[PDB]
């Protein structure tokens, strides 16, 4: 569907680094600590929030290239045998390529690798302010499996919470 896919090579390092993982959102998932647990609620934000990030057999990176020779996206995966978890360390699609099936195809490639390793599930972390990726993950078969409100304390993302999502591996 207009893209080429392969395992990354050292020469992809620059394009991976340069790829624009930034996004603008009209909503965020507000995380509330209730004492007994946590609640998430999608809330509107005005003005829209623009988030800019200042970014071996069990590990793998898959890249997606467009017709133009430009990197459309990548996914970095890591496998842990103790809990048979394939961690999606990072997944990013160039803003122009968003909503063109790149993310879904890369996640499918991540799923195939998980199956090869005999994974029981796929797992990912996503900032609570990334409402579009959260909704996109939900529509790829993932559901909220946890969170860490302290993950970003003392970082450039202080005030955000890490949200955890998982999918059983077919």
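Positions refer to the first chain, counted from 1.
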>> What does the record say about the segment between residue 55 and residue 56: how many deposited residues are without coordinates (none, 1 to 3, 4 to 9, 10 or more)?
In response: 10 or more
> Can you tell me which stretch has the higher mean Cα B-factor, 34-42 or 108-116?
Replying inline: 34-42
>> Tell me which stretch, 5-13 or 158-166, has the higher mean Cα B-factor listed in the entry.
In response: 5-13
> Which of these, 60, 121, 51, 138, has its C-alpha atom at the highest B-factor, as the entry lists it?
Replying inline: 60
>> Ranking the modelled residues of this chain by C-alpha B-factor as given in the entry, is residue 20 in the lowest, middle or highest third?
In response: highest
>> Is residue 125 in the lowest, middle or highest third of its chain when residues are ranked by C-alpha B-factor?
In response: lowest
